[PDB]
There are 2 protein chains.
Amino acid sequence: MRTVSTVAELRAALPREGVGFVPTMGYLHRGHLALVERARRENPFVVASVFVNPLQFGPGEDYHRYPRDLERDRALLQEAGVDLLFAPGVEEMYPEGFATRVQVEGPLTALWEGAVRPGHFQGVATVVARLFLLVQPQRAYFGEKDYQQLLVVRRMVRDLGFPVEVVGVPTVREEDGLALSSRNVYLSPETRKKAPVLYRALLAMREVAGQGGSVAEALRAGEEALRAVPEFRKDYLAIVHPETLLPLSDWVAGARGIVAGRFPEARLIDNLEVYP
Amino acid sequence: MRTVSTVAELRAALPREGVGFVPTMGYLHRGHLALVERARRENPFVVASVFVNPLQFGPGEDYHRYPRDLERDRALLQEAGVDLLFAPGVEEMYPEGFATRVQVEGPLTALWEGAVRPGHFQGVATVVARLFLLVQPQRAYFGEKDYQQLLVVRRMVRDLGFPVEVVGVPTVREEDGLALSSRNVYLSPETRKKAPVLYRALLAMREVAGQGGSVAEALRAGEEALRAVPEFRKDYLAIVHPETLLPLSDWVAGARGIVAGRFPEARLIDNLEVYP
Ligand SMILES: [Cl-]
Ligand SMILES: [Cl-]
Ligand SMILES: [Cl-]
């Protein structure tokens, strides 16, 4: 595998066709592997990027302490069979003079994560748009854990006309159900034991739905599950339309249960299709 | 020449390489063909687009009044040699649910035309971004008359990494000096006689520069010229940096004289390299 740190080397090592792309912020885990694994079975050439994007972090968030270990990410991607790793510094990604932004407007970015993290999705859209133009991939892979982000990217691609197939990959979880995330490293041993509550709440709602319960009944079950862990301060818990993310009054195929909140040392999010 | 009005047709008729692109809003004049000509010679396949972009029209502007004559444009590009014409409707370019925007921020879009027409450059960046993504050109041609717009597109291209060479083409002028513009049709025979004041002002400034005068002396000369035609309500007149459009404290190669204002029936803009 070849690792490049500049746009010049990137464009020079890139094939005109057959490129599968996996954008990441580094400190890779099994979940990222699931993405690489999928890109490889569908594309003759796989490119992965590791770049902690400052544009998608808020002032009081974790940009400075975000986990970083390029060597670990390299060996790892190397073993996974990645053809090309793009690991640029902030200056190569955003040179002096950089002044452009891309953003998806409307309820899609205003709801849920958008209300908690103002400016976050504009940062995601901007960096993904740049990465797409630099990589010119045929297919790009994203995890479903960041469901809203997946929808935002799809909207941007649809609107602007990026000839990119945006593929969502199901979330990889620990045995206790905790969705894998680079930020899980922030969890203390004690908090790590309580962290499975998000997925537990989501499963509780899916259970109710499967048993013929109402959306309202499913929501109550989810809320109850979360209350077993007071240390988890919920930002939101809802069952929404799979495409618009608007709260549902009645079930629809693809109904998505979403939840987010924080422990003292980390904020976690998770989601699951709760119907059918 | 093949004419397409949908995205599907467009993608199906486009070759993968050697595409020269000329974006316009219709009602073509000598100047546009100066662009189509340039492209026809440097690229094996030429595509031109005709679309009045509602996004770059703001409050109290001439959207519905903008001149439209598709058939005249067609036959025009036909004889010019263009291989493909993309003339989509508003709904094809911006289908229901469209919510993405692209914008270049900072002084480049806040000064001059940006101050006069707020929201204008976001509309331009957005439509150009989409067109570039839909056409996937190797080169795109723009007229220098809209110099600021030219720099904005170059900035967006450089920032986001579009693999497109943006070509600026010198303005085509009338015998009296009036830069050609599809909006000149708005001028009455009377005000048309006064219109040459813009170029006159620019020339006055270039003359001072050539004589060794200071940047301030050049502006004075330009102010004098406009002062003679009070009918022209000046928006701005300045000598700026060729790349940043910031007012100049002193001369630099490529110094650009820019002017804009409005007669009762229309708004006019023009620019010219005043130094060296
Ligand atoms: Cl983030
Ligand atoms: Cl992650
Ligand atoms: Cl306009």
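The analysis underlying the following values was restricted to heavy atoms, covering all of them including side chains, and did not include hydrogens, waters or symmetry mates. First the proteins, then the strands, lettered A, B, ... as listed; each starts at 1.
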**Asked** What distance do B/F162 atom CZ and A/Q136 atom CD have between them, rounded to the nearest 0.5 Å?
**Response** 9.5 Å
**Item:** Atom pair CG/CG of B/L160 and A/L134 - distance to nearest 0.5 Å
**Value:**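 Those atoms lie 9.0 Å apart.
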Is the [atom1] atom of [X] crowded by more than 12 outside heavy atoms at less than 6.0 Å?
X      : atom1 : result
B/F45  : CZ    : yes
B/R158 : CZ    : no
A/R41  : CZ    : yes

**Prompt:** Checking B/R11 against chain A: side chain, backbone, both or neither under 4.5 Å from a heavy atom?
**Reply:** side chain
**Message:** So if I take each residue of residues 235-259 of chain B and look for any heavy atom under 4.5 Å from a heavy atom in chain A, which residues do I end up with?
**Reply:** none
**Item:** Proximal to chain A - members of residues 86-108 of chain B, heavy-atom separation under 4.5 Å
**Value:** B/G97, B/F98, B/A99, B/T100, B/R101, B/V102, B/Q103, B/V104, B/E105
**Message:** Between B/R155, B/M156, B/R16, B/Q122, who has the most heavy-atom pairs with chain A when the cutoff is under 4.5 Å?
**Reply:** B/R155
**Request:** Heavy atoms only: give me the nearest A/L133-B/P163 pair and the separation to one decimal.
**Result:**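 Residues A/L133 and B/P163, closest heavy atoms: O-CD, 4.4 Å.
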